[PDB]
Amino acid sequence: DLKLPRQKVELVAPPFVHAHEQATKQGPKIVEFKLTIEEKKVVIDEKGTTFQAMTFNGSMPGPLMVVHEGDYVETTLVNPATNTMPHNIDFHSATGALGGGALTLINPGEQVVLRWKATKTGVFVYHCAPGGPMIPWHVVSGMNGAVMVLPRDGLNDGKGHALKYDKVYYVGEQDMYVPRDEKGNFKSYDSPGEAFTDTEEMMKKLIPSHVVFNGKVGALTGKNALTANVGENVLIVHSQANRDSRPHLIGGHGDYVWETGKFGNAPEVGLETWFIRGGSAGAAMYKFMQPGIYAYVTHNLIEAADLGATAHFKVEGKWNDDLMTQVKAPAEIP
């Protein structure tokens, strides 16, 4: 008989995050979320390569869910009849029943409601896990996201000082396994089912064909570049449900980084590159000091430049010549 107040959240597509408070005077609530599974063929690169995706809420990654320590998270998972497979959800933030997996298995046409208490602070992966060989396949097909469980007093630096972010972005990195035909071209399939045999043979060799942020090569570039201004403190949440990543902000730093992603631990300071362990999420905060283009990459540069894993930030403001200056422009050698 759990009679706490209820609060609905309207989830938003990554890399944006639904509005939330950092430090709050609210007590525990039941926070209500809904996720609807969609299986769909998507284009993942600039050459028109297709991929049989399975998603929460139609996006890779799934949306970031934000709650505070001690809240109860009540999720409605819906598997519409237009899908062909059973699905479930496992929250790394939750305790028991394989993270909820064992309580949320639903066939097409069904829905389920799980509630779990947010007893551990940090950013955590959630993903589908419908048993056996299906677990890796569903996850690398795009069925993963993250949840952020904040302390009620907001983030701190471990030395008693508040760390308040002006905005948060969620970057979900996805390793994809697209088989090639004899010619050397990527193959296309009519269904996830048909993709399965060839996709599993490739997965077991452990080398992805693509590594992408937000579902596609170039997803967070151009018009969809991340943005900030000089003086803004930005939190970047990064998740990888299956394989390690090494985030790096080219031209910046991680001023405060929780590489294991758990706010019970003090953050590390002044990082160049941090490490997100496969099956986890981490978070890094940086205060922009300079305008211009930044690239956020995994610093396996082959993955970043050749397999898809580069985002951009466009930052506005005034150039600081004390920090960096071109003393002499390119000129002929004397």
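Sequential numbering from 1, following the sequence displayed.
- 20-28 and 307-315 differ in mean CA B-factor, and the higher of the two is recorded for 20-28.
- Looking at mean Cα B-factors across 232-240 and 157-165, the upper value is held by 157-165.
- Remark: of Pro208, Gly222, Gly172, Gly254, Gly222 shows the highest value [criterion: C-alpha B-factor in the PDB entry].
- Looking at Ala284, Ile293, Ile276, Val43, the one whose CA carries the top B-factor in the deposited record is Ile293.
- Per the deposited record, the Cα B-factor of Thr199 falls in the highest third when ranked against the other modelled residues of its chain.
- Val123: CA B factor lies in the lowest third for its chain, per the PDB record.
- Sort the chain's modelled residues by C-alpha temperature factor and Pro108 lands in the highest third, per the entry.
- For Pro133, the recorded CA temperature factor ranks within the highest third of the chain's modelled residues.
- Compared with the other modelled residues of the chain, the Cα B-factor recorded for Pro86 ranks in the middle third.
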